[PDB]
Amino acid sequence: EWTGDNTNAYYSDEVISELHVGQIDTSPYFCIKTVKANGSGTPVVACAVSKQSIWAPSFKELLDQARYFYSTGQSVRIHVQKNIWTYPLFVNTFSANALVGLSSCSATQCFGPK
């Protein structure tokens, strides 16, 4: 598997606006919120939980890269795979998206799979 599989969803020109970290089922997890840098669209919520999903190996690098991007506030493309999380109250608070990639976006192009 790869972040750039067309079986994943991505969203260009996003700013990570909120950040949460917590625990579920003996696993640490974090979620981010992103909103469009130009005020449009609707927000995207994605999580990563450290020992679940096929994306578990990525957890610490994702979290670290989320934390960095969140602090600079730059334009980023956000990559997810839908319909991964299953605890109903959890997906209610956040969503069922699994974070799978982050790409910095210039004003013209983004630096990730497309």
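Residues carry their position along the shown sequence, with the first being 1.
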* What stretch has the higher average Cα B-factor here, 15 to 23 or 88 to 96? -> 88 to 96
* Comparing 35 to 43 with 51 to 59, which has the greater mean CA B-factor as deposited? -> 35 to 43
* Asked: In terms of the CA temperature factor given in the entry, to which third of its chain does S71 belong: lowest, middle or highest?
  -> middle
* Asked: Which third of the chain holds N83 when residues are ordered by C-alpha B factor: lowest, middle or highest?
  -> highest
